[PDB]
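*Asks:* Next comes structure_14.cif, mmCIF, C-alpha atoms:
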data_start
loop_
_atom_site.group_PDB
_atom_site.id
_atom_site.type_symbol
_atom_site.label_atom_id
_atom_site.label_comp_id
_atom_site.auth_asym_id
_atom_site.auth_seq_id
_atom_site.Cartn_x
_atom_site.Cartn_y
_atom_site.Cartn_z
ATOM 1 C CA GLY A 3 0.000 0.000 0.000
ATOM 2 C CA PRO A 4 0.810 3.702 0.000
ATOM 3 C CA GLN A 5 3.295 5.599 2.090
ATOM 4 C CA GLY A 6 2.152 8.743 3.838
ATOM 5 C CA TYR A 7 -1.252 10.212 4.362
ATOM 6 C CA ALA A 8 -3.306 7.676 2.311
ATOM 7 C CA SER A 9 -2.022 5.032 4.792
ATOM 8 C CA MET A 10 -3.805 6.792 7.653
ATOM 9 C CA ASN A 11 -7.503 6.903 8.453
ATOM 10 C CA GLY A 12 -7.736 3.150 7.918
ATOM 11 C CA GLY A 13 -5.464 2.845 4.872
ATOM 12 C CA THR A 14 -6.023 2.514 1.136
ATOM 13 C CA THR A 15 -6.618 -0.828 -0.565
ATOM 14 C CA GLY A 16 -8.826 0.347 -3.421
ATOM 15 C CA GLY A 17 -10.632 -2.427 -5.275
ATOM 16 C CA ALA A 18 -8.534 -5.248 -3.863
ATOM 17 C CA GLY A 19 -10.374 -8.412 -2.880
ATOM 18 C CA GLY A 20 -13.507 -8.163 -4.996
ATOM 19 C CA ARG A 21 -14.415 -8.265 -8.659
ATOM 20 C CA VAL A 22 -12.027 -7.748 -11.572
ATOM 21 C CA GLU A 23 -13.021 -6.278 -14.894
ATOM 22 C CA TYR A 24 -11.091 -5.298 -17.941
ATOM 23 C CA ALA A 25 -12.159 -2.212 -19.850
ATOM 24 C CA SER A 26 -10.888 -0.537 -22.981
ATOM 25 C CA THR A 27 -13.416 2.276 -23.438
ATOM 26 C CA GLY A 28 -14.847 4.983 -21.210
ATOM 27 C CA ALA A 29 -18.292 3.510 -21.777
ATOM 28 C CA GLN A 30 -17.151 0.237 -20.198
ATOM 29 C CA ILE A 31 -15.546 2.024 -17.274
ATOM 30 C CA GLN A 32 -18.531 4.302 -16.640
ATOM 31 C CA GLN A 33 -20.996 1.395 -16.908
ATOM 32 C CA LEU A 34 -19.007 -0.710 -14.501
ATOM 33 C CA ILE A 35 -19.087 2.115 -11.960
ATOM 34 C CA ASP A 36 -22.779 2.940 -12.424
ATOM 35 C CA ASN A 37 -23.954 -0.668 -12.595
ATOM 36 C CA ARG A 38 -22.156 -1.422 -9.354
ATOM 37 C CA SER A 39 -23.595 1.697 -7.736
ATOM 38 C CA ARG A 40 -27.142 0.524 -8.587
ATOM 39 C CA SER A 41 -26.511 -3.080 -7.414
ATOM 40 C CA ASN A 42 -27.393 -4.770 -4.115
ATOM 41 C CA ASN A 43 -23.733 -4.491 -3.143
ATOM 42 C CA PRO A 44 -22.543 -1.037 -4.221
ATOM 43 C CA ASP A 45 -19.375 -1.039 -2.084
ATOM 44 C CA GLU A 46 -18.134 -4.469 -3.222
ATOM 45 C CA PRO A 47 -14.462 -3.808 -4.127
ATOM 46 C CA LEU A 48 -13.900 -3.479 -7.875
ATOM 47 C CA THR A 49 -10.625 -3.429 -9.782
ATOM 48 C CA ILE A 50 -10.887 -2.162 -13.347
ATOM 49 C CA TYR A 51 -7.837 -3.017 -15.476
ATOM 50 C CA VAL A 52 -7.602 -0.581 -18.358
ATOM 51 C CA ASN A 53 -6.234 -2.193 -21.512
ATOM 52 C CA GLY A 54 -7.183 0.262 -24.226
ATOM 53 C CA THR A 55 -7.195 3.985 -24.965
ATOM 54 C CA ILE A 56 -10.050 5.830 -23.252
ATOM 55 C CA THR A 57 -11.206 8.929 -25.158
ATOM 56 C CA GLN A 58 -13.994 11.458 -25.456
ATOM 57 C CA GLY A 59 -15.253 9.519 -28.485
ATOM 58 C CA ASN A 60 -15.606 6.242 -26.560
ATOM 59 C CA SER A 61 -16.930 7.699 -23.252
ATOM 60 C CA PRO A 62 -20.502 8.734 -22.508
ATOM 61 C CA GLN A 63 -19.663 11.844 -20.391
ATOM 62 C CA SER A 64 -16.905 14.435 -20.818
ATOM 63 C CA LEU A 65 -14.974 12.879 -17.893
ATOM 64 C CA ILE A 66 -14.840 9.493 -16.147
ATOM 65 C CA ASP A 67 -17.156 10.108 -13.210
ATOM 66 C CA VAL A 68 -16.101 8.160 -10.094
ATOM 67 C CA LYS A 69 -19.251 9.233 -8.285
ATOM 68 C CA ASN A 70 -22.194 7.424 -6.834
ATOM 69 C CA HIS A 71 -25.133 7.214 -9.215
ATOM 70 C CA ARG A 72 -27.238 8.809 -6.367
ATOM 71 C CA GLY A 73 -24.987 11.881 -6.683
ATOM 72 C CA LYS A 74 -22.227 13.401 -4.530
ATOM 73 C CA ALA A 75 -24.148 13.274 -1.220
ATOM 74 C CA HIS A 76 -23.617 9.496 -1.265
ATOM 75 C CA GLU A 77 -20.224 7.870 -1.058
ATOM 76 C CA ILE A 78 -18.620 5.687 -3.688
ATOM 77 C CA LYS A 79 -16.015 3.285 -2.292
ATOM 78 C CA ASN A 80 -13.380 0.646 -2.873
ATOM 79 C CA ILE A 81 -12.181 0.996 -6.466
ATOM 80 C CA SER A 82 -8.874 0.548 -8.234
ATOM 81 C CA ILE A 83 -8.335 1.692 -11.834
ATOM 82 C CA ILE A 84 -5.066 0.123 -12.989
ATOM 83 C CA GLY A 85 -3.464 0.262 -16.402
ATOM 84 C CA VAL A 86 -2.269 -2.930 -18.082
ATOM 85 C CA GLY A 87 1.389 -2.572 -19.141
ATOM 86 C CA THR A 88 1.727 0.648 -21.102
ATOM 87 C CA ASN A 89 -1.791 0.251 -22.516
ATOM 88 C CA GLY A 90 -3.830 2.104 -19.861
ATOM 89 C CA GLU A 91 -4.163 5.405 -21.645
ATOM 90 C CA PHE A 92 -6.700 8.249 -21.231
ATOM 91 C CA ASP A 93 -6.251 10.557 -24.230
ATOM 92 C CA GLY A 94 -8.185 13.789 -23.857
ATOM 93 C CA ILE A 95 -10.416 12.651 -20.987
ATOM 94 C CA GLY A 96 -9.767 12.795 -17.285
ATOM 95 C CA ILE A 97 -11.016 11.148 -14.129
ATOM 96 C CA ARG A 98 -13.018 12.842 -11.384
ATOM 97 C CA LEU A 99 -13.350 11.429 -7.897
ATOM 98 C CA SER A 100 -16.364 12.831 -6.055
ATOM 99 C CA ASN A 101 -17.084 11.770 -2.459
ATOM 100 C CA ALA A 102 -14.954 8.795 -3.328
ATOM 101 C CA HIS A 103 -13.353 6.674 -0.588
ATOM 102 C CA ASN A 104 -10.557 4.127 -0.711
ATOM 103 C CA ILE A 105 -9.564 4.616 -4.344
ATOM 104 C CA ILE A 106 -6.386 3.653 -6.201
ATOM 105 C CA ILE A 107 -5.468 5.046 -9.666
ATOM 106 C CA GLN A 108 -2.295 3.347 -10.819
ATOM 107 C CA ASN A 109 -0.213 2.748 -13.930
ATOM 108 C CA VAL A 110 -2.204 4.893 -16.363
ATOM 109 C CA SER A 111 -1.235 7.771 -18.660
ATOM 110 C CA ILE A 112 -3.715 10.653 -18.734
ATOM 111 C CA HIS A 113 -3.011 13.510 -21.033
ATOM 112 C CA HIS A 114 -4.130 16.470 -23.128
ATOM 113 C CA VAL A 115 -7.273 16.843 -21.022
ATOM 114 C CA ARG A 116 -9.153 19.952 -22.193
ATOM 115 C CA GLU A 117 -12.836 18.881 -21.949
ATOM 116 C CA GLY A 118 -14.690 18.090 -18.717
ATOM 117 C CA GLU A 119 -12.820 19.708 -15.852
ATOM 118 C CA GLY A 120 -9.826 19.921 -18.215
ATOM 119 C CA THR A 121 -7.923 18.051 -15.532
ATOM 120 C CA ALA A 122 -6.291 14.612 -15.611
ATOM 121 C CA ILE A 123 -7.405 13.665 -12.068
ATOM 122 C CA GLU A 124 -9.729 15.856 -10.029
ATOM 123 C CA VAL A 125 -10.150 14.749 -6.416
ATOM 124 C CA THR A 126 -13.083 16.577 -4.835
ATOM 125 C CA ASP A 127 -16.315 16.616 -2.844
ATOM 126 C CA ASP A 128 -14.939 15.177 0.382
ATOM 127 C CA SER A 129 -13.090 12.224 -1.145
ATOM 128 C CA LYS A 130 -10.720 10.442 1.236
ATOM 129 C CA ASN A 131 -8.004 7.750 1.118
ATOM 130 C CA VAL A 132 -6.859 8.034 -2.444
ATOM 131 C CA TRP A 133 -3.573 6.708 -3.822
ATOM 132 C CA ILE A 134 -2.411 8.049 -7.232
ATOM 133 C CA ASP A 135 0.645 5.924 -8.073
ATOM 134 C CA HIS A 136 2.889 5.182 -11.035
ATOM 135 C CA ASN A 137 1.008 7.256 -13.586
ATOM 136 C CA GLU A 138 2.052 9.798 -16.210
ATOM 137 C CA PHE A 139 0.304 13.112 -16.720
ATOM 138 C CA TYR A 140 1.094 15.662 -19.399
ATOM 139 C CA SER A 141 -0.203 18.128 -21.989
ATOM 140 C CA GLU A 142 1.985 20.748 -23.703
ATOM 141 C CA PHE A 143 4.267 23.498 -22.399
ATOM 142 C CA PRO A 144 4.486 26.102 -23.721
ATOM 143 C CA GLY A 145 2.355 24.637 -26.499
ATOM 144 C CA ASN A 146 0.144 27.311 -28.122
ATOM 145 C CA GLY A 147 0.995 29.722 -25.297
ATOM 146 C CA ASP A 148 -2.441 29.630 -23.580
ATOM 147 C CA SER A 149 -1.872 28.468 -20.019
ATOM 148 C CA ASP A 150 -5.626 27.809 -19.604
ATOM 149 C CA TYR A 151 -6.230 25.721 -22.764
ATOM 150 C CA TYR A 152 -5.690 22.691 -20.564
ATOM 151 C CA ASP A 153 -6.492 22.990 -16.863
ATOM 152 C CA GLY A 154 -4.810 20.855 -14.184
ATOM 153 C CA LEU A 155 -2.949 17.620 -14.004
ATOM 154 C CA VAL A 156 -3.850 16.514 -10.482
ATOM 155 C CA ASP A 157 -6.105 18.867 -8.529
ATOM 156 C CA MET A 158 -7.559 18.412 -5.050
ATOM 157 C CA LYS A 159 -10.488 20.440 -3.787
ATOM 158 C CA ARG A 160 -13.418 20.658 -1.408
ATOM 159 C CA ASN A 161 -12.155 18.829 1.668
ATOM 160 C CA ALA A 162 -10.364 15.932 -0.046
ATOM 161 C CA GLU A 163 -8.155 14.349 2.631
ATOM 162 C CA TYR A 164 -5.650 11.524 3.181
ATOM 163 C CA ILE A 165 -4.180 11.450 -0.318
ATOM 164 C CA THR A 166 -0.833 10.085 -1.553
ATOM 165 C CA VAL A 167 0.589 10.977 -4.943
ATOM 166 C CA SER A 168 3.607 8.780 -5.594
ATOM 167 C CA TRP A 169 5.920 7.621 -8.367
ATOM 168 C CA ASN A 170 4.188 9.614 -11.106
ATOM 169 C CA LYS A 171 5.553 11.707 -13.934
ATOM 170 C CA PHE A 172 4.044 15.189 -14.407
ATOM 171 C CA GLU A 173 5.490 16.788 -17.543
ATOM 172 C CA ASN A 174 4.959 19.372 -20.227
ATOM 173 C CA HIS A 175 2.201 21.400 -18.686
ATOM 174 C CA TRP A 176 1.365 24.871 -17.435
ATOM 175 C CA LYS A 177 -0.888 24.646 -14.297
ATOM 176 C CA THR A 178 0.304 21.428 -12.719
ATOM 177 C CA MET A 179 -1.380 20.726 -9.344
ATOM 178 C CA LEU A 180 -3.832 22.506 -7.059
ATOM 179 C CA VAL A 181 -4.533 21.779 -3.398
ATOM 180 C CA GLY A 182 -7.504 23.990 -2.565
ATOM 181 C CA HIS A 183 -9.159 25.926 -5.418
ATOM 182 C CA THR A 184 -10.315 29.031 -3.534
ATOM 183 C CA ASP A 185 -9.479 31.042 -0.404
ATOM 184 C CA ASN A 186 -12.171 29.358 1.701
ATOM 185 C CA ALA A 187 -10.680 27.512 4.651
ATOM 186 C CA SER A 188 -13.876 25.521 5.155
ATOM 187 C CA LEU A 189 -13.483 23.884 1.731
ATOM 188 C CA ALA A 190 -9.717 23.233 1.907
ATOM 189 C CA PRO A 191 -8.287 19.770 1.419
ATOM 190 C CA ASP A 192 -5.790 18.530 4.001
ATOM 191 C CA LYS A 193 -3.243 15.770 4.591
ATOM 192 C CA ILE A 194 -1.554 15.181 1.197
ATOM 193 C CA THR A 195 1.778 13.395 0.579
ATOM 194 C CA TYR A 196 3.775 13.684 -2.627
ATOM 195 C CA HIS A 197 6.797 11.422 -2.982
ATOM 196 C CA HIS A 198 9.035 10.041 -5.700
ATOM 197 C CA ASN A 199 7.409 11.993 -8.487
ATOM 198 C CA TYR A 200 9.109 13.534 -11.479
ATOM 199 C CA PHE A 201 7.981 17.145 -12.071
ATOM 200 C CA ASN A 202 9.516 18.206 -15.388
ATOM 201 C CA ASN A 203 9.034 21.038 -17.931
ATOM 202 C CA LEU A 204 6.194 22.763 -16.058
ATOM 203 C CA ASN A 205 5.280 26.390 -15.621
ATOM 204 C CA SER A 206 3.735 26.598 -12.137
ATOM 205 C CA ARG A 207 1.647 25.060 -9.346
ATOM 206 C CA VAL A 208 3.957 22.307 -8.117
ATOM 207 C CA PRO A 209 1.675 22.335 -6.129
ATOM 208 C CA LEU A 210 -0.372 25.479 -5.495
ATOM 209 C CA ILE A 211 -1.244 24.786 -1.847
ATOM 210 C CA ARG A 212 -3.955 26.625 0.075
ATOM 211 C CA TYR A 213 -4.426 25.895 3.843
ATOM 212 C CA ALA A 214 -3.438 22.219 3.712
ATOM 213 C CA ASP A 215 -0.723 20.285 5.532
ATOM 214 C CA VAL A 216 1.423 18.591 2.890
ATOM 215 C CA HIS A 217 4.604 16.456 2.902
ATOM 216 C CA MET A 218 6.775 16.420 -0.222
ATOM 217 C CA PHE A 219 9.734 14.068 -0.106
ATOM 218 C CA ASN A 220 12.109 12.469 -2.580
ATOM 219 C CA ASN A 221 10.641 14.177 -5.647
ATOM 220 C CA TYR A 222 12.697 15.313 -8.664
ATOM 221 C CA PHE A 223 11.770 18.815 -9.859
ATOM 222 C CA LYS A 224 13.346 19.835 -13.192
ATOM 223 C CA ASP A 225 13.009 22.704 -15.638
ATOM 224 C CA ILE A 226 10.193 24.531 -13.902
ATOM 225 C CA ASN A 227 9.761 27.841 -15.661
ATOM 226 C CA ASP A 228 8.034 30.137 -13.203
ATOM 227 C CA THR A 229 7.620 28.673 -9.681
ATOM 228 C CA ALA A 230 7.204 25.288 -8.020
ATOM 229 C CA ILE A 231 5.802 24.921 -4.480
ATOM 230 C CA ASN A 232 3.447 27.803 -3.671
ATOM 231 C CA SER A 233 2.347 27.783 -0.046
ATOM 232 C CA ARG A 234 -0.616 30.054 0.687
ATOM 233 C CA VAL A 235 -3.036 31.044 3.492
ATOM 234 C CA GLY A 236 -1.568 29.034 6.299
ATOM 235 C CA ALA A 237 -0.591 25.906 4.367
ATOM 236 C CA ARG A 238 2.288 23.981 5.975
ATOM 237 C CA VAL A 239 4.555 22.040 3.637
ATOM 238 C CA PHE A 240 7.437 19.831 4.792
ATOM 239 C CA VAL A 241 9.874 19.848 1.826
ATOM 240 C CA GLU A 242 12.277 17.016 2.537
ATOM 241 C CA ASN A 243 15.106 15.464 0.562
ATOM 242 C CA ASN A 244 13.951 16.578 -2.866
ATOM 243 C CA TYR A 245 16.155 17.264 -5.860
ATOM 244 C CA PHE A 246 15.623 20.487 -7.823
ATOM 245 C CA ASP A 247 17.355 21.358 -11.116
ATOM 246 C CA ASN A 248 16.660 24.653 -12.911
ATOM 247 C CA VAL A 249 13.561 25.459 -10.877
ATOM 248 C CA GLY A 250 12.073 28.925 -10.798
ATOM 249 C CA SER A 251 12.880 32.142 -12.639
ATOM 250 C CA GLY A 252 14.573 33.971 -9.751
ATOM 251 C CA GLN A 253 12.564 37.115 -10.523
ATOM 252 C CA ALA A 254 10.521 38.820 -7.799
ATOM 253 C CA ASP A 255 6.827 38.008 -7.995
ATOM 254 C CA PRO A 256 4.950 41.203 -8.871
ATOM 255 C CA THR A 257 2.173 40.404 -6.370
ATOM 256 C CA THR A 258 4.017 39.130 -3.270
ATOM 257 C CA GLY A 259 7.562 40.258 -4.044
ATOM 258 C CA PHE A 260 8.818 36.760 -3.285
ATOM 259 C CA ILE A 261 11.772 35.442 -5.310
ATOM 260 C CA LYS A 262 10.366 32.964 -7.852
ATOM 261 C CA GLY A 263 11.891 29.599 -7.064
ATOM 262 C CA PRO A 264 11.338 26.148 -5.585
ATOM 263 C CA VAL A 265 9.146 27.239 -2.671
ATOM 264 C CA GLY A 266 7.538 30.453 -1.444
ATOM 265 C CA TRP A 267 4.365 32.503 -1.615
ATOM 266 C CA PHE A 268 3.371 33.670 -5.104
ATOM 267 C CA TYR A 269 0.604 35.208 -7.229
ATOM 268 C CA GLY A 270 -2.244 35.654 -4.772
ATOM 269 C CA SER A 271 -4.318 34.838 -1.650
ATOM 270 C CA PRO A 272 -4.363 37.309 1.216
ATOM 271 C CA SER A 273 -1.512 35.792 3.243
ATOM 272 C CA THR A 274 1.409 33.378 3.122
ATOM 273 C CA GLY A 275 1.678 29.706 3.918
ATOM 274 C CA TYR A 276 4.673 28.108 5.603
ATOM 275 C CA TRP A 277 7.420 25.600 4.688
ATOM 276 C CA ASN A 278 9.826 23.407 6.600
ATOM 277 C CA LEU A 279 12.947 22.697 4.513
ATOM 278 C CA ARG A 280 15.347 19.850 5.160
ATOM 279 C CA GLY A 281 17.836 17.952 3.034
ATOM 280 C CA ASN A 282 16.951 19.382 -0.353
ATOM 281 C CA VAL A 283 19.473 19.657 -3.190
ATOM 282 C CA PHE A 284 19.171 22.788 -5.322
ATOM 283 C CA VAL A 285 21.064 22.930 -8.608
ATOM 284 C CA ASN A 286 20.780 26.162 -10.634
ATOM 285 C CA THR A 287 17.750 26.879 -8.461
ATOM 286 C CA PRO A 288 17.360 30.039 -6.338
ATOM 287 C CA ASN A 289 17.597 29.025 -2.702
ATOM 288 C CA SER A 290 19.921 31.151 -0.552
ATOM 289 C CA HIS A 291 17.047 33.477 0.349
ATOM 290 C CA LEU A 292 15.053 30.636 1.944
ATOM 291 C CA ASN A 293 14.476 29.962 5.647
ATOM 292 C CA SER A 294 12.261 27.329 7.271
ATOM 293 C CA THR A 295 9.168 29.074 8.538
ATOM 294 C CA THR A 296 7.456 26.123 10.279
ATOM 295 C CA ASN A 297 8.536 23.044 12.262
ATOM 296 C CA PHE A 298 5.648 21.034 10.718
ATOM 297 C CA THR A 299 6.410 17.298 10.309
ATOM 298 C CA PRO A 300 3.681 14.810 9.281
ATOM 299 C CA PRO A 301 2.123 12.394 11.766
ATOM 300 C CA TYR A 302 3.100 9.120 10.115
ATOM 301 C CA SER A 303 6.012 6.697 9.758
ATOM 302 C CA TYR A 304 7.871 6.674 6.461
ATOM 303 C CA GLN A 305 11.154 5.790 4.759
ATOM 304 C CA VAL A 306 13.089 8.562 3.072
ATOM 305 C CA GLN A 307 16.112 8.380 0.753
ATOM 306 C CA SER A 308 18.710 11.078 0.287
ATOM 307 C CA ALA A 309 17.835 13.624 -2.406
ATOM 308 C CA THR A 310 20.380 12.153 -4.803
ATOM 309 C CA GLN A 311 19.260 8.587 -4.212
ATOM 310 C CA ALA A 312 15.730 9.742 -4.828
ATOM 311 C CA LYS A 313 16.691 11.458 -8.062
ATOM 312 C CA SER A 314 18.039 8.161 -9.427
ATOM 313 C CA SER A 315 15.057 6.127 -8.144
ATOM 314 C CA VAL A 316 12.580 8.529 -9.757
ATOM 315 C CA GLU A 317 14.496 8.458 -13.030
ATOM 316 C CA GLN A 318 14.324 4.664 -13.075
ATOM 317 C CA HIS A 319 11.047 3.746 -11.517
ATOM 318 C CA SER A 320 8.515 6.547 -11.873
ATOM 319 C CA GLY A 321 5.683 6.399 -14.390
ATOM 320 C CA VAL A 322 3.927 3.631 -16.300
ATOM 321 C CA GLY A 323 5.043 0.149 -17.297
ATOM 322 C CA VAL A 324 6.910 -0.365 -13.988
ATOM 323 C CA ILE A 325 4.416 -1.904 -11.526
ATOM 324 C CA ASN A 326 1.996 -3.792 -13.778
#
As structure tokens, please, write out the structure in this file.

*Replies:*
Amino acid sequence: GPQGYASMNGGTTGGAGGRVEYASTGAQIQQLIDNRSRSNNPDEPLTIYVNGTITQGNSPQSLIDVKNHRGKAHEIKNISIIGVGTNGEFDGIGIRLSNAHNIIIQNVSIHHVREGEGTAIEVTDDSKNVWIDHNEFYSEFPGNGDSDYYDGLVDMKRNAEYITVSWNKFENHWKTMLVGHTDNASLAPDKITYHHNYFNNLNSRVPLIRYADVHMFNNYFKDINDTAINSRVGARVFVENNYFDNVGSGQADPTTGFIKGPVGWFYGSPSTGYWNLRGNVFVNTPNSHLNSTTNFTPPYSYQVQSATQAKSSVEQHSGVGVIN
């Protein structure tokens, strides 16, 4: 199972120990979800192996809706969506988790998502215990120059909690990851871990964090054009043993005045978040101006490599075609 926050609150096992289905179109995936939701046993664990390319053309809605058929007031539980080999591909259509509990998304590539939420994975409406592992997410950067043509890669909103994002590649994209979509503390997610991801050729939001407590360890950040970790409105982020290469422009942000770099407070919200920095390696990345501004450490056990060991592990073992 997952390291970090998805291991808490009872853990995350997804669809393990129930039914197995193989799907190669969005119609099959959506029907499996909805048919189960309408059954006598709606929480029976379900693993869906994805062995074809899921698209707008072969899906009945503009996103893959991991949501109870009785709408977001009701929970949907105990699902894994796992790619087969390098064949689990979502081209132009993303996944949304809404009041979704104990969910694994693993070994899929999701990319060029413009329609729907315009986001590869949206985790929202009070979802909890979600593990996003060994995937690849991308669009274009700079592409056509319109940062909003695509929306997010992995966004968390509306009280999503206990989430681990591990071993993924996020590449070639403008607005990479959100944690909290608005300055409303009562809707903020909390308790997110990011580890062993590759964040490469991105403009910003790595992540944009509002309010939440977040642990980022053993990630490899590379070629990030504007800024990476943006901690806002009382967020606390423990940034531990990560490797950064060519991250941030070094220019002062026109809104907050903060030097654009691997961590800080940028662009907006009425006040800063905080960051605890330990063990990071910064190459050609502005960093001498940084101080730790919180002692925040997460409430769980974990194993952590050095930054340079992590860089090599991420190079070798992140993304698809590794675990399945």

*Asks:* Enumerate, as a PyMOL selection string, the residues matched when the PyMOL selection byres ((chain A and resi 5) around 10) is run on the file above.

*Replies:* chain A and resi 3-4+6-10+13-14+133+165-168+195-197+302-305

*Asks:* Counting all atoms listed in the file, figure out which residue out of A:62, A:170, A:114, A:160 gets nearest to residue 100 (chain A).

*Replies:*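 Result for the nearest residue to residue 100 (chain A): A:160.
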
*Asks:* Step by step, gather every atom of region 65-81 of chain A that the file lists, find the box along x, y and z that holds them, add 4 Å on each side, and finally give centre and edge lengths in Å to one decimal, as lines of an AutoDock Vina configuration file.

*Replies:*
center_x = -19.7
center_y = 7.0
center_z = -9.5
size_x = 23.1
size_y = 20.8
size_z = 24.8

*Asks:* From the options A:187, A:180, A:122, A:56, which residue's atoms come nearest to residue 161 (chain A), counting only C-alpha atoms?

*Replies:*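 Going through A:187, A:180, A:122, A:56 one by one, the smallest distance to residue 161 (chain A) is for A:187.
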
*Asks:* Could you tell me which residues the PyMOL selection byres ((chain A and resi 213-220) around 6) returns for this structure, as a ChimeraX atom specification?

*Replies:* /A:191-198,212,221,235-244,309,312

*Asks:* With a distance cut-off of 9 Å and all atoms listed in the file, select the neighbouring residues of residue 83 (chain A), excluding the residue or stretch itself and same-chain residues fewer than 6 positions from it, and output the selection as a list in words.

*Replies:* residues 16, 17, 48, 49, 50, 51, 52, 105, 106, 107, 108, 109 and 110 of chain A

*Asks:* For each of A:126, A:258, A:30, A:70, take the minimum atom-to-atom distance to residue 45 (chain A), counting all atoms listed in the file, then give the residue where this is smallest.

*Replies:*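 Closest to residue 45 (chain A) of all the choices is A:70.
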
*Asks:* Could you tell me, as a list in words, exactly which residues end up selected when the PyMOL selection byres ((chain A and resi 65) around 8) is applied to this structure?

*Replies:*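 With the PyMOL selection byres ((chain A and resi 65) around 8) on this model, the match is residues 58, 61, 63, 64, 66, 67, 95, 96, 97, 98, 117, 118 and 119 of chain A.
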
*Asks:* Next, the residues of the selection above should be written as a PDB file, keeping the file's coordinate frame with C-alpha atoms.

*Replies:*
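This is the output file out_12.pdb:
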ATOM      1  CA  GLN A  58     -13.994  11.458 -25.456  1.00  0.00           C
ATOM      2  CA  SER A  61     -16.930   7.699 -23.252  1.00  0.00           C
ATOM      3  CA  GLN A  63     -19.663  11.844 -20.391  1.00  0.00           C
ATOM      4  CA  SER A  64     -16.905  14.435 -20.818  1.00  0.00           C
ATOM      5  CA  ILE A  66     -14.840   9.493 -16.147  1.00  0.00           C
ATOM      6  CA  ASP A  67     -17.156  10.108 -13.210  1.00  0.00           C
ATOM      7  CA  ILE A  95     -10.416  12.651 -20.987  1.00  0.00           C
ATOM      8  CA  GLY A  96      -9.767  12.795 -17.285  1.00  0.00           C
ATOM      9  CA  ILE A  97     -11.016  11.148 -14.129  1.00  0.00           C
ATOM     10  CA  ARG A  98     -13.018  12.842 -11.384  1.00  0.00           C
ATOM     11  CA  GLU A 117     -12.836  18.881 -21.949  1.00  0.00           C
ATOM     12  CA  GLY A 118     -14.690  18.090 -18.717  1.00  0.00           C
ATOM     13  CA  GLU A 119     -12.820  19.708 -15.852  1.00  0.00           C
TER      14      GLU A 119
END

*Asks:* Would you pick out the contacts of residue 251 (chain A) at 7 Å or less, using all atoms listed in the file, so that residues sharing its chain but fewer than 5 positions from it are not included, and give the list as a list in words?

*Replies:*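 Within the cut-off, the hits are residues 227, 228, 229, 262 and 263 of chain A.
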
*Asks:* Okay, now the selection with C-alpha atoms, as an mmCIF file, in the coordinates of the input?

*Replies:*
data_model
loop_
_atom_site.group_PDB
_atom_site.id
_atom_site.type_symbol
_atom_site.label_atom_id
_atom_site.label_comp_id
_atom_site.auth_asym_id
_atom_site.auth_seq_id
_atom_site.Cartn_x
_atom_site.Cartn_y
_atom_site.Cartn_z
ATOM 1 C CA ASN A 227 9.761 27.841 -15.661
ATOM 2 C CA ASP A 228 8.034 30.137 -13.203
ATOM 3 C CA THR A 229 7.620 28.673 -9.681
ATOM 4 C CA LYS A 262 10.366 32.964 -7.852
ATOM 5 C CA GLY A 263 11.891 29.599 -7.064
#

*Asks:* Counting only C-alpha atoms, figure out which residue out of A:325, A:231, A:132, A:34 gets nearest to residue 12 (chain A).

*Replies:*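 Nearest to residue 12 (chain A): A:132.
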
*Asks:* What separation in Å, quoted to one decimal, exists between CA of residue 158 (chain A) and CA of residue 278 (chain A)?

*Replies:*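 Answer for the CA of residue 158 (chain A) to CA of residue 278 (chain A) separation: 21.5 Å.
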
*Asks:* Could you tell me how far CA of residue 101 (chain A) sits from CA of residue 75 (chain A), in Å to one decimal place?

*Replies:*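 Value for the CA of residue 75 (chain A)-CA of residue 101 (chain A) distance: 7.3 Å.
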